[PDB]
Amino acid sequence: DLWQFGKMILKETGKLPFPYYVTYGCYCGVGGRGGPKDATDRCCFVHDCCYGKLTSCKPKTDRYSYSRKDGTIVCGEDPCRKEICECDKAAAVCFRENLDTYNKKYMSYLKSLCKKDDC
């Protein structure tokens, strides 16, 4: 579910998707049109590829089951639901692991400075 994904992001990074990630860099914030500007930017790219591999699933509408009671996201128990959940988990963890280099200057970055990797 796109909402569940946004919570994982909030819970794992302490930042709300908007505007911190919905408008970041050349990929996350430009529809994935430009090439990733840094590690955090690359997390979005890796996320799309993860979804790309789930052909028979509806990664954006299916509501899966997960928990984070003790600090770590654990996907509950639908082959699609679980796979979708893993993709989301990975990305939330990716944004977290890269908070060390998150650049606020890339927030709402400009398209004309973006270039362009394939899954």
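From 1 onward, residues are counted along the sequence shown.
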Legend entry - Gap size between residue 71 and residue 70, counted in deposited residues that the entry leaves unmodelled: none
Legend entry - 106 to 114 or 93 to 101, whichever carries the higher mean Cα B-factor: 106 to 114
Inset, instruction - Would you determine, from the values in the PDB entry, which of 83 to 91 and 57 to 65 has the greater average C-alpha temperature factor? - result: 57 to 65
Inset, instruction - Can you work out whether the C-alpha temperature factor of residue 28 puts it in the lowest, middle or highest third of the chain? - result: lowest
Inset, instruction - Going by the recorded CA B-factors, say which third of the chain residue 78 sits in, lowest, middle or highest. - result: highest
